[PDB]
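We use all heavy atoms of the structure for the numbers below, so side chains are in, but hydrogens, waters and symmetry mates are not. In what follows, chains are A, B, ... by sequence order, proteins preceding strands, each numbered from 1.
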Amino acid sequence: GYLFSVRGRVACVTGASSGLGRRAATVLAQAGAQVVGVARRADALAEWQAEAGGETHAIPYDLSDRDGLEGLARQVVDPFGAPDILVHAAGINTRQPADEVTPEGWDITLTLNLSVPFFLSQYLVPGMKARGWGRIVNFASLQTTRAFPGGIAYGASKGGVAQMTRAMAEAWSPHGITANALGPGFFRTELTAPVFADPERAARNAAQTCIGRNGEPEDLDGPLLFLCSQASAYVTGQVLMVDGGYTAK
Amino acid sequence: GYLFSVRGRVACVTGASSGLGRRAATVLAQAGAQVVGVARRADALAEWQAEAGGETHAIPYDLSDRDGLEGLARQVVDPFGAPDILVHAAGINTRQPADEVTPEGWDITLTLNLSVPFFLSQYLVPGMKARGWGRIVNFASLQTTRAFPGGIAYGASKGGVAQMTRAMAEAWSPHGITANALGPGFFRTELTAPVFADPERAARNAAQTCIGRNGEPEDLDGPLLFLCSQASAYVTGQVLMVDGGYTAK
Amino acid sequence: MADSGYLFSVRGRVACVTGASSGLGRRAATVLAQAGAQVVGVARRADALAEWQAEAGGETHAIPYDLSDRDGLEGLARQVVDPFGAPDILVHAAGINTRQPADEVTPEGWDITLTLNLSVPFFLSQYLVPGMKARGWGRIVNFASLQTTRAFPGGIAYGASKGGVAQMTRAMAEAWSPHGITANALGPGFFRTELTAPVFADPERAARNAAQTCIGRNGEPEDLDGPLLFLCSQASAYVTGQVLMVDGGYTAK
Amino acid sequence: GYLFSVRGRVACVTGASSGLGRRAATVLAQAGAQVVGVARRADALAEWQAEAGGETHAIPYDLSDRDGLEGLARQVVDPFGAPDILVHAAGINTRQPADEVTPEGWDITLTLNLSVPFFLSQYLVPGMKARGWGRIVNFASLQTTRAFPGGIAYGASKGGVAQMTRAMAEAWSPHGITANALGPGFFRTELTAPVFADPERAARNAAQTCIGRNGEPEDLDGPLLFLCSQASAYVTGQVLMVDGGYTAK
């Protein structure tokens, strides 16, 4: 049971003001990790801190600013020290189908979904190396493997994430840092507004799973804590789909 | 914490007299499940029961006898009631290269590794359906995806296990039964004796992982309990590799 | 034809195709015979085999044999080599789907699916590989499925077998490709055959499956020709241990 | 039994001055396609043209310049009319290990290996759509799936490529355009000089394949022509590994 603890660890979670990142940041805080939540909007982070309890700190930062990311990383280590756990839950889907992709929509998708996870990890790994222990949790997608309408830049980024996660393990796992990717199926969030707003679409997606339902926020708590804890010490370089068996059918 | 509990559950573990099945059976028992361990040898099962503590029951049975499996299933329900968790860890690798495969070595490999998991599952799922809750844990392999010397029947069986696991989810997960496969990399057991007996070979395999070491028995505890608990309710039809990132390189 | 077109030649090769009386096996056997291979077709029924030989043209030979008979496979292999000499190309197109859902699977329906779809491909290949090794050249083509990776209703024994096939194909390559023999699996999507009668018989089903592909249609027989000949020729010399999906992009969505 | 013809087609091949791109452009020229070859250096493009024979046109262009891509596309259509076949063989591997990745090295790899193929496709697909027929050939890698030393940006890009190819099929294959990726193993080129320069490394990689050898230029011809012809009309969204079975072990 100790096996699954994150008590006394330090975590940084990006995308912590909404969606699955907010859930992850709250789970980790309620499980006793000290949590640094990063997202654009101070007011949304303050509501997060109010719900989350435990011991947290908020940092408003626009993760589309890559030049500033090394300064963010210094901010991240200030409240509680170097993080042991890093969760890259910030992300975007512009939903531009191929013929309508703009340079701007392509670029913001690769920046936020792929490049920012890489560099923020690069900046934060030294502290983990020093302790000989770290957990990196990237966010893969059904669109790591299956192309959906409007998804082309998103799936490019998310096929990138999976290989990036393997490459993170190849570089950093000899030093005690594991890197894996949670692959949520369809959960009600900001990214999935069209999939859920049309109920016929939502129900088709539910029927595509083996269980027969879409995801609820609580469905990610277990797999998150597993990937953030001693339980997963020999699991690295893997994508763990949390999708009710969508990918089995 | 409670998310990862197996207290009050009943598990059946095949292959419980040695190797990874014995580890799984012990972990489950120490974690508060009632465990029914199935293996060929009574004396080996009795040593298991002695190591394990908790509440367990041993059933000596030669799982190559498929005609008898329905009777085995009735034996398995008798000590503690119908199992909630089933772990198919019994297996064989005859190590016959393709040109030397015999009908008998082929057939015993398919029987033990593929057909027995299916039928014992078939017999034991009714009790899970009645409760609307179940966990099936199959054993996949690096040879689900990568062909090793002497491996052809083994890999046929383990490729089959991966797809069988997705098919178990498609059949059974509407009823609250999840089916997943643990994919150990190289752990010191009965099946892996040549991989370990030559140290140069053992070290090449260790170097193929991201972490740089082969598996130890404790490395499977976390992933097992995750796959046997509430924590993985929305995880079904998946193969979860516990291989130190062997498959990432 | 460009000189490189001759990379895809099967002229003067010997092929054995199982399942040659119907479905995709029959198309594969006919394509190879029309492309100038000498083709040994294996199937249960002498009469359906005769219809095949009539359609095919070229140079062919029929062998009626019940591939559920593993005992007799070594004697099949002797029969296969008799008309044209040892085959250079082996195509394992015989297969079954009993469509029994998990709760209704019988020992017999599980068993016949593993026999025909997995064990027979293995043993027949084992018996015919020596001839290929003697020449330093061979092509094995197995049949994978959408159900190599995605579980469909009634599919559980079939999927077990087809996930098996994929790994078995990797293992055939690991054992035999040092000797000049490549082994790959074609993965057809949904094509109109014996095995897919329920998928097609309900038009709404057929259309949902067409819409699941990227192109928007189910398979037609001729769609298998190119991929088959590629996997049976010099063109694929450095392609081994692979599953080649011919599914209109079903598996991309 | 022609099916595999490219006679009469127009092809655009990027990276046509060296390596596998140069092989592809020559193969397609010698098979009777009119070929537009795109690469940085006029003089190396001119040697190519001399070597190739057939009917060709060279366009010197720095593919790191995304701003000018729409203009390149106009140049590409000028000599022979709109291309039917597009082969994205230009690529880079900076070989920076994770801890030493620079923003510039990461950016150039995503640009050349992922963003350029998307945009140049986007600009050239209209011509294909008008005819109801096209073929797009991307370049995947062993690092689509397996992380090698120095590979992290490359691998990010190439996992991106494979999803991008699936998403290209989803967008464009209803209009007669197929999109697939060739996945070469290890062939003697600019990208792979350290793998080949050290003979012990070269031999280890050869031994990792099923056949037991590295690739030769001619090994790409058949798989290329298959992906560029009528033969592959019902093959779309696929990665076709041309690796001697590296990925089977």
Practice problem: Apply the test side-chain contact (heavy atoms from CB on, under 4.5 Å) to residues C:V81 and C:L128: give CA-CA distance (whole Å), side-chain angles for both, the deciding distance (0.1 Å), then the verdict. | Solution: CA-CA 8 Å; C:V81 300; C:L128 294 168; 3.9 Å; yes
Quiz item: Is a side-chain N or O of C:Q126 found less than 3.5 angstrom from the main chain of B:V101, in a donor-acceptor match?
Solution: yes
Quiz item: Stepwise, does the side-chain contact (heavy atoms from CB on, under 4.5 Å) test hold for C:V91 with C:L228?
Solution: CA-CA 9 Å; C:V91 182; C:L228 176 72; 4.3 Å; yes
Exercise. Indicate yes or no for a side-chain donor-acceptor contact from B:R9 to the backbone of B:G134 under 3.5 Å, with no hydrogens or angles considered.
Key: no
Self-check item: Any donor-acceptor pair under 3.5 Å from B:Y61 side chain to B:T14 backbone
Solution: no
Quiz item: Residues of residues 140-170 of chain C under 4.5 Å from chain B (heavy atom pairs)?
Solution: C:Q147, C:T148, C:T149, C:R150, C:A151, C:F152, C:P153, C:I156, C:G159, C:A160, C:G163, C:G164, C:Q167, C:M168, C:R170
Quiz item: Is any side-chain heavy atom of C:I112 closer than 4.5 Å to a side-chain heavy atom of C:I96?
Solution: yes
Please tabulate, one pair per line, all N/O donor-acceptor pairs under 3.5 Å involving side-chain atoms of residues 179-191 of chain C, not counting sequence neighbours.
{"residue": "C:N184", "atom": "OD1", "partner": "C:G241", "partner atom": "N", "Å": "3.2"}
{"residue": "C:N184", "atom": "OD1", "partner": "C:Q242", "partner atom": "N", "Å": "2.9"}
{"residue": "C:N184", "atom": "ND2", "partner": "C:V239", "partner atom": "O", "Å": "3.1"}

Quiz item: What residues of residues 201-214 of chain C sit under 4.5 Å from chain B when only non-hydrogen atoms are counted?
Solution: none
Quiz item: Is a side-chain donor or acceptor of C:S233 paired with a backbone partner of C:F230 at a separation under 3.5 angstrom?
Solution: yes
Self-check item: Residue pair C:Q234 / C:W137, side-chain donor-acceptor N/O under 3.5 Å
Solution: yes
Quiz item: For residues 132-149 of chain C, which residue pairs qualify under salt bridge (charged side-chain N to carboxylate O under 4.0 Å, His left out), counting only residues two or more places apart or in two chains?
Solution: B:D99-C:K133, C:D88-C:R135
Self-check item: B:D107 portion near chain C, given a 4.5 angstrom heavy-atom threshold
Solution: side chain
Exercise. Count the heavy-atom pairs under 4.5 Å between each of B:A167, B:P126, B:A169, B:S121 and chain C, then report the option with the highest count.
Key: B:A167
